[PDB]
Amino acid sequence: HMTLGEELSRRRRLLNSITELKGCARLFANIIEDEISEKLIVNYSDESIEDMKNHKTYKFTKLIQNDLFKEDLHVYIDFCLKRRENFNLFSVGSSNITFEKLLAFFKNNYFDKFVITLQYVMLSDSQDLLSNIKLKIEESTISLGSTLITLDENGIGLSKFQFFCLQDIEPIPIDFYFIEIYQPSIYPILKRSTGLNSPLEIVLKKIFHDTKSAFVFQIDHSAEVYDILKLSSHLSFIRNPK
């Protein structure tokens, strides 16, 4: 001990931890400039969007050009896994966009590094999508009483991935929640939950509290594009856990 690259990594890790503590949710504007409107003027220099038809200036963590996981999101996914911190990824779109790609992404990039559990429910304001659903809110985590598999084998999509590290004496696994929100109907419940009543609000509130958040927003030629942009501004305030 120790090499420069080892000394440098110690360095970045510490930078990164300091950075996270006082940080917020990561926002990824997935752009379809091909189908996007002149009502929305984009900027890559500031990583920003304007809504000429609303006067707003939406700032994002990063803006993407036009398979997402291999190309753009892999950095965030690998980041969280290496730091062994529970995290999530919301796919908010107006129409249905990913999941099959996400599985393939995992199946071929972390297979030799982790054993990966999957549970996958549909949750309405509830069907087990893997049946050949119970749900308990625990301090540690949301646990679904859904049927569980290994990868090797008005609602929202909720998939839980548990990552069990191969070369490790760390019993506790890493939780990754992938959430699909395609019905615009669900946008006001997402807004509400950030700041009892609703199984959806109860679950989302729990996710925002005890896991690290990131959202990818689809910018289609959709009717509810402005409502997605506006939503991203509410969620921008989602602070990371501690």
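Given the criteria surrounded by 13 or more Cβ atoms within 10 Å (Cβ to Cβ) and either assigned to a strand (DSSP E or B) or touching a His at 6+ places or on another chain (Cβ under 7 Å) (or both), does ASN30 qualify? Yes. Looking at the structure I just gave you, is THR147 touching a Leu at 6+ places or on another chain (Cβ under 7 Å), among the hydroxyl-bearing types (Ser, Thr, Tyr) and surrounded by 14 or more Cβ atoms within 10 Å (Cβ to Cβ)? When the stated conditions are applied, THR147 passes them. Report every pair of residues separated by at least 6 positions or lying on different chains whose Cβ atoms are under 6 Å apart, first residue within region 22-41 and over 19 Å from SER91 (Cβ atoms), second surrounded by 14 or more Cβ atoms within 10 Å (Cβ to Cβ). So the pair list comes out as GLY23/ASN240; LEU40/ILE49; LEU40/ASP51; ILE41/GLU50. All conditions in (1) surrounded by 11 or more Cβ atoms within 10 Å (Cβ to Cβ); (2) within 22 Å of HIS234 (Cα to Cα) hold for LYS22, with the sole exception of (1).
Scanning region 192-241 for residues that are polar (S, T, N, Q) and closer than 21 Å to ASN16 by Cβ, we see that the one that is surrounded by the fewest Cβ atoms within 10 Å (Cβ to Cβ) is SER236. Within region 137-177, which residues are closer than 26 Å to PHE215 by Cβ, in contact with a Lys or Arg (Cβ under 8 Å, 6 or more places away or on another chain), of a type outside the set (D, E, K, R) and not in a loop (DSSP other than H, G, I, E, B)? Correct list: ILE137, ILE142, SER143, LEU144, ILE174, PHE176, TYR177.
The numbered conditions (1) surrounded by 12 or more Cβ atoms within 10 Å (Cβ to Cβ); (2) touching a strand residue (DSSP E or B) at 6+ places or on another chain (Cβ under 6 Å) are all true for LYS136 except (1). Any residue at all in region 91-109 that's surrounded by fewer than 17 Cβ atoms within 10 Å (Cβ to Cβ), part of a strand (DSSP E or B) and either touching a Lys or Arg at 6+ places or on another chain (Cβ under 9 Å) or not β-branched (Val, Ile, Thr) (or both)? No: region 91-109 contains no residue that is surrounded by fewer than 17 Cβ atoms within 10 Å (Cβ to Cβ), part of a strand (DSSP E or B) and either touching a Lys or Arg at 6+ places or on another chain (Cβ under 9 Å) or not β-branched (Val, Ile, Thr) (or both).
Within region 1-27, the set of residues being of a type in the set (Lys, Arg) and in a loop (DSSP other than H, G, I, E, B) comprises just one member, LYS22. Return yes when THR194 is closer than 28 Å to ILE31 by Cβ and under 14 Å from the mean Cα position of the chain (by Cα) and no when it is not. Spelling it out, it is not the case that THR194 is closer than 28 Å to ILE31 by Cβ and under 14 Å from the mean Cα position of the chain (by Cα). For region 1-41, the set of residues classified as under 17 Å from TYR226 (Cα atoms) and either hydrophobic (A, V, I, L, M, F, W, C) or under 19 Å from the mean Cα position of the chain (by Cα) (or both) consists of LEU27, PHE28, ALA29, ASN30, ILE31, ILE32, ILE36, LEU40, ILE41, listed by residue number. Just a yes or no: is a residue in region 60-67 over 16 Å from the mean Cα position of the chain (by Cα) and either surrounded by 19 or more Cβ atoms within 10 Å (Cβ to Cβ) or not in a loop (DSSP other than H, G, I, E, B) (or both)? Within region 60-67 (the criterion being over 16 Å from the mean Cα position of the chain (by Cα) and either surrounded by 19 or more Cβ atoms within 10 Å (Cβ to Cβ) or not in a loop (DSSP other than H, G, I, E, B) (or both)), the answer is no, since none of the residues qualifies. Considering region 110-135, the residues that are hydroxyl-bearing (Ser, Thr, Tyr) and assigned to a loop (DSSP other than H, G, I, E, B) include one that is nearest to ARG26 (Cα to Cα), namely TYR110. Cβ separations smaller than 6 Å between residues 6+ apart or across chains give the following pairs from region 127-143 residues that are polar (S, T, N, Q) to residues that are surrounded by 10 or more Cβ atoms within 10 Å (Cβ to Cβ): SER131/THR147; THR141/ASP175. If you filter region 188-227 down to residues that are among the aliphatic types (A, V, I, L, M) and assigned to a loop (DSSP other than H, G, I, E, B), you find that the one that is farthest from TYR76 (Cα to Cα) is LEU196.
Every residue, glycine among them, receives a Cβ derived from its backbone with ideal geometry; neighbour counts consider all protein chains shown. All of the numbers you see were taken from the coordinates with simple rules; none came from a lab.
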